Amino acid sequence: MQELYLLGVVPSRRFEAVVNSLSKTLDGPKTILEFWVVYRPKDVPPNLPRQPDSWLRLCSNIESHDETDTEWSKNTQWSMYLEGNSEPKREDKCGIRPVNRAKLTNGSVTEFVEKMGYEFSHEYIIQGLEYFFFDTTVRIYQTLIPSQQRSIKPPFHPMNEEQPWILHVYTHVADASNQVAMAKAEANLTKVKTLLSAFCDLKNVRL
Amino acid sequence: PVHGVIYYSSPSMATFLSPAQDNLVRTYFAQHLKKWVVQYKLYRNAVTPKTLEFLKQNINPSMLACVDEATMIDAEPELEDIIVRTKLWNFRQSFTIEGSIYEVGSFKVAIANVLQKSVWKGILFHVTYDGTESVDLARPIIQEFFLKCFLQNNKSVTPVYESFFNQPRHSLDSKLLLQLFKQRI
Amino acid sequence: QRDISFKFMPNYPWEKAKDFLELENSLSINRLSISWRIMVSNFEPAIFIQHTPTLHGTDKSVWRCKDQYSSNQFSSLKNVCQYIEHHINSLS
Amino acid sequence: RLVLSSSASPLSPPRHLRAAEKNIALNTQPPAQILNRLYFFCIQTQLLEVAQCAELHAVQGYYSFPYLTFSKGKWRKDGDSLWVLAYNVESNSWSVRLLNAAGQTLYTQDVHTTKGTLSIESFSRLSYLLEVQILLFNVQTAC
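Chains as they are written, first to last, in the deposited numbering: chain X, 1 to 207; chain Y, 2 to 186; chain W, 447 to 538; chain A, 434 to 576.
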């Protein structure tokens, strides 16, 4: 599955303005709180696996459990994301990142991945808001490191002192091959980018 | 309620499905509900860890998939694509079951062929009996009906199967079906 | 009209609404269940049926009929009505 | 666009009307072809309901398109011969007939009823008629 993306940066004071003012431009904010953990293939056969990029990461929604009690990785629903590197030679246009995902239930996700032979790498939290345009999302988030592994709600450790926020533009096309659908997603991304650019400047980057 | 799973490997049972359905509908007034298909796939990464996934078509939404023999989760078809893209897991090995579910008076049955790449024609039956939920009384009612409704060859062959039991769902657990494929290879 | 005992027992979703946005989502609901009970005669066991309308007409069996020994689904009210009539033939 | 509503229940149209209307709107084929299919479907389902309600079962594999056939397990007799109620969807006529194990028809006899009634009692009437006729036929054979 192919995802077309733009992104940008937002300093801290500029964050609040970008937010309220985003609410003025496009469809209102949805609170998003995500917990992510990555895994790594232990075999590392150097010739063909290509484990540095293709290795997978998986995450899940923590809407309200951690504030109420100790977080329960068993209690929430989980989903697994395989997101590859971005396609180069795309300096001019919007970026393209192939992403595949699956929802997982009734199982020990952790034990399953490690029984695959994958193994822990890094664990980070995504917190922020996402806004909507027709068939194209846009989330402003921040990357909060947990206080601890499966950290509780009170701490919410932040990565840096400047605390910059990151701007992600979402568009999804099912079928890679179809040029018409890529064209319409491209133009949807252009139009949203134009409006968002009045708001604040953002552009295509690699991966 | 209480349902039985029966299974045949004789070659006569091979040719049997289509005339079996036809006779069933014609003579006992069966009604044809959804076609049944399920797909089993088996492969393992370069370090010899087994993984297998199978897909009931009835409740495809949840695809059940287990590592080696031990550990299993419910997951989405895209997960399977994930594992193909990672290439760390090796090449598939496919079984499949195709038939169709009928409802006949007081019970519903599934008549299906099992095969890999249209190899053979060993037949699986699955009869849920609406009623008592006492295994001991359903087992001979089911057995009686099965005999009656497929009696032409019934003298001629004997099954290998998993015993009937009682389970709330109207379709048989997917995990159990995995166990049937794994005892079948 | 034909003097048959029955109990209505409807359970509307808007009764359950905690606040007004809940009330909204309540009105917007796609399907609801309304359970009826019908006593045909004093000695006869009650026969009960749950009416399941659907907003978009998706469901194709709007009345579900359950009695002792048997269950069958019905598309038309006139059908279920004459089915009760079939469940009391002597007086019909 | 074509709008299909139902005489009985004008406020909620049955699922198969809605689905028809959607198919017309797709413009893949002439409206008449669809509406024809929907007519035959609509017939079949209305009967099937009222006949299930009077202990009759739809029979398949014995007869082709013009008729839908209805029977009872009880009506099967020796040698896989069985008696059927048959309804011509085109003629709107009812024939009482039995066919043998092979499928060849051994006796037909048109009976008529009040047109469009489609009641459970009427299914009783038809059934009774059939039963008288298994009597008369069997006495004729013994003789």
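Even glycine gets a Cβ: it sits at the ideal position worked out from N, Cα and C.
### Message
On a Cα-Cα basis, can you pick out the residue from A/544, A/438, A/442 that is closest to residue 521 of chain W?
### Response
Nearest C-alpha to residue 521 of chain W among A/544, A/438, A/442: A/442.
### Query
Is residue 111 of chain Y close to chain X, meaning its C-beta is less than 7 Å from at least one C-beta of that chain?
Residue 111 of chain Y does not count as touching chain X.
### Proximity below 7 Å, CB of residue 196 of chain X to CB of residue 96 of chain X
For residue 196 of chain X and residue 96 of chain X, no; Cβs fall outside 7 Å.
### Query
Exposed or buried, which one is residue 21 of chain Y when buried takes at least 16 other CB atoms within 10 Å?
Residue environment analysis places residue 21 of chain Y among the buried positions, since at least 16 neighbouring C-beta atoms fall within 10 angstroms of its C-beta.
### Message
Here's a check: name, in chain order, each residue in its chain whose Cβ is nearer than 7 Å to the Cβ of residue 163 of chain Y, leaving out the five neighbours to either side.
### Response
Only 6, 181 meet the Cβ criterion.
### Query
Just checking, does the segment 52 to 63 of chain Y make contact with the segment 67 to 77 of chain X on the three C-beta pairs under 8 Å criterion?
Flag = no, the segment 52 to 63 of chain Y and the segment 67 to 77 of chain X do not touch.
#### Entry: Limits of the alpha helix (DSSP H) - the one that residue 153 of chain Y falls within
First-last for residue 153 of chain Y: undefined, no H or E at that position.
### Query
In three-state terms, what does DSSP make of residue 491 of chain A?
Looking at residue 491 of chain A - three-state DSSP - the assignment turns out to be strand.
### Query
Any residues in the segment 93 to 107 of chain Y with a beta carbon nearer than 9 Å to a beta carbon of chain X? Which ones, in chain order?
Within the segment 93 to 107 of chain Y, no residue qualifies.
### Task
Can you say whether residue 114 of chain Y is buried or exposed, counting buried as having 16 or more other CB atoms within 10 angstroms of its CB?
Residue 114 of chain Y is buried by the Cβ-count criterion.
### Query
Where residue 115 of chain X and residue 72 of chain Y are concerned, what is the direct C-alpha to C-alpha distance, given to the nearest angstrom?
When rounded, the distance between both Cα atoms is 8 Å.
#### Entry: Buried/exposed call for residue 92 of chain Y, threshold 16 Cβ in 10 Å
Within 10 angstroms of the beta-carbon of residue 92 of chain Y lie fewer than 16 other beta-carbons, which makes it exposed.
### Query
What residues in its chain sit with their C-beta under 7 Å from that of residue 454 of chain A, if we drop five residues either side in the sequence?
Counting only Cβ-Cβ distances below 7 Å, and skipping sequence neighbours, we find 435, 436, 437.
### Message
Please tell me whether, using a cut-off of 6 Å, the distance from the CB of residue 164 of chain X to the nearest non-hydrogen atom of the ligand ZN is below it.
### Response
Ligands displayed in this structure: none; no statement on the ligand ZN is therefore possible.
### Task
Say whether chain W places a C-beta atom closer than 7 Å to the C-beta of residue 434 of chain A.
Answer no: the Cβ-Cβ gap between residue 434 of chain A and chain W never drops below 7 Å.
### Message
For residue 490 of chain A, would you say it is in contact with chain B, using Cβ-to-Cβ distances shorter than 7 Å as the test?
### Response
The chain labelled as chain B is not found among the protein chains of the depicted structure, namely X, Y, W and A.
### Task
Below 6 Å CB to CB, which residues in the same chain sit around residue 175 of chain Y once its five sequence neighbours on both sides are set aside?
Within the same chain, residue 175 of chain Y has close Cβ partners 57, 65.
### Query
Beta-carbon of residue 514 of chain W versus every beta-carbon of chain A: anything under 7 Å?
No, its Cβ sits nowhere closer than 7 Å to a Cβ of chain A.
### Task
Using a cut-off of 7 Å between C-beta atoms, extract the partners of residue 131 of chain Y located in chain A.
The contacting residues do not exist; residue 131 of chain Y stays about 16 Å from chain A at best.
### Task
Provide the residue span of the alpha helix (DSSP H) that contains residue 483 of chain A, from first to last.
Counting along the chain, the alpha helix (DSSP H) containing residue 483 of chain A begins and ends at 464 to 485.
### Message
What residue range does the beta strand (DSSP E) around residue 33 of chain Y cover?
### Response
Judged by DSSP secondary structure, residue 33 of chain Y falls within the beta strand (DSSP E) whose first and last residues are 32 to 45.
### Message
Counting beta carbon pairs with one atom in the segment 5 to 14 of chain X and one in the segment 129 to 137 of chain X, are three or more of them shorter than 8 Å?
### Response
Pairwise C-beta distances place the segment 129 to 137 of chain X out of contact with the segment 5 to 14 of chain X, as fewer than three of them are shorter than 8 Å.
### Task
On the DSSP bridge assignment, give the partners of residue 138 of chain X in chain order.
X/131, X/169, per the DSSP bridge assignment.
### Task
Closer than 6 Å by C-beta to residue 534 of chain W: which residues in its own chain qualify, once you throw out the five before and the five after it? Chain order, please.
For residue 534 of chain W, same chain residues with a beta-carbon under 6 Å away, outside a window of 5 residues either side, are 486 in chain order.
### Query
For residue 515 of chain W, which of helix, strand or coil comes out of DSSP?
In the structure shown, residue 515 of chain W falls within a coil segment according to DSSP collapsed to helix, strand and coil.
### Task
Identify the contact partners of residue 73 of chain Y in chain X, using a Cβ-Cβ distance below 7 Å as the criterion.
Within 7 Å Cβ-Cβ: 107.
### Task
Decide if residue 506 of chain A is buried, meaning its Cβ has at least 16 other Cβ atoms within 10 Å, or exposed.
Residue 506 of chain A comes out exposed.
### Message
Closer than 8 Å is the cut-off here; do at least three beta carbon pairs connect the segment 471 to 485 of chain W with the segment 498 to 508 of chain W?
### Response
Under the 8 Å Cβ criterion, the segment 471 to 485 of chain W counts as touching the segment 498 to 508 of chain W, having at least three qualifying pairs.
### Task
Could you tell me whether the Cβ of residue 49 of chain Y comes closer than 7 Å to any Cβ of chain X?
Answer no: the Cβ-Cβ gap between residue 49 of chain Y and chain X never drops below 7 Å.
### Task
Locate the alpha helix (DSSP H) running through residue 571 of chain A, then write down its first and last residues.
553 to 575 is the span of the alpha helix (DSSP H), which, as asked, contains residue 571 of chain A.
### Query
Would a check of beta-carbon distances place residue 525 of chain W closer than 7 Å to chain A?
Taking 7 Å as the threshold, the shortest C-beta distance from residue 525 of chain W to chain A falls below it.
### Task
Note down, in chain order, every chain W residue with its Cβ under 8 Å from the Cβ of residue 477 of chain A.
The contacting residues do not exist; residue 477 of chain A stays about 13 Å from chain W at best.
### Message
For residue 569 of chain A and residue 124 of chain Y, I'd like the C-alpha separation in whole angstroms.
### Response
In this model, residue 569 of chain A and residue 124 of chain Y are separated by some 45 Å (Cα to Cα).
### Check whether residue 107 of chain X and residue 142 of chain Y have beta carbons under 7 Å apart
No. Outside cutoff.
### Sequence-distant residues of its chain with Cβ nearer than 7 Å to residue 160 of chain X (five each side left out)
Excluding sequence neighbours, residue 160 of chain X sits near nothing in its chain.
### Beta carbon proximity, residue 30 of chain Y to chain A, threshold 7 Å
So yes, residue 30 of chain Y belongs to the interface.
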